[PDB]
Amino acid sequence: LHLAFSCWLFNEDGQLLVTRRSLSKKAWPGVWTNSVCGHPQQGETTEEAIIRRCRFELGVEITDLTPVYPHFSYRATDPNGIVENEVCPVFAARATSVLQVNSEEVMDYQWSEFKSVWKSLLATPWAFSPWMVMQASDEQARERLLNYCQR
């Protein structure tokens, strides 16, 4: 389909859930990244897919799903220049239940102040997933994320 999505999940204290992909992920194992990313399955809405993957990867319920970067596209090229292009709209959401993280999906995670995370994405972007860096680097999306919890 070439359809993907990304989710930045916040708690009631306004902290962002930064996750570390498990070592068993085929793609980007062991990398620190925004809360959840994924792809919708057959005849599933983007929203539905986000809810499904938050529940499966993080064991969590969410609310207030809000678009923060609808035009984001993720372009990846391999060492031979084979290109993969996919739309990847970005959303923010609020956690409404305690985490029950699936260790096959996520090996570590931290609730962190978004301002602090951005400091590191600027200083050492290579320590995080490339889509996390590219999503937060858009000024409008970053403003939306910084202000999401305060509405």
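Residue indices: 1-based, along the sequence shown.
Q: Read off the CA B-factors in the entry, average them over 95-103 and over 42-50, and name the higher stretch.
A: Looking at the record's C-alpha B-factors, the answer is 42-50.
Q: Averaged over C-alpha atoms, is the B-factor higher for 52-60 or for 66-74 in this PDB entry?
A: On average, C-alpha B-factors are higher across 66-74.
Q: Choose from 83, 31, 88, 36 the residue with the greatest Cα B-factor as stated in the PDB record.
A: Of the candidates given, the C-alpha B-factor peaks at 83.
Q: Can you pull the Cα B-factors for 24, 129, 15, 19 from the entry and say which is highest?
A: Checking the PDB record, the top C-alpha B-factor among 24, 129, 15, 19 is at 24.
Q: Taking the values exactly as deposited, rank residue 109 by C-alpha B-factor within its chain and report the matching third: lowest, middle or highest.
A: As the PDB entry reports it, the C-alpha B-factor of residue 109 lands in the lowest third of its chain.
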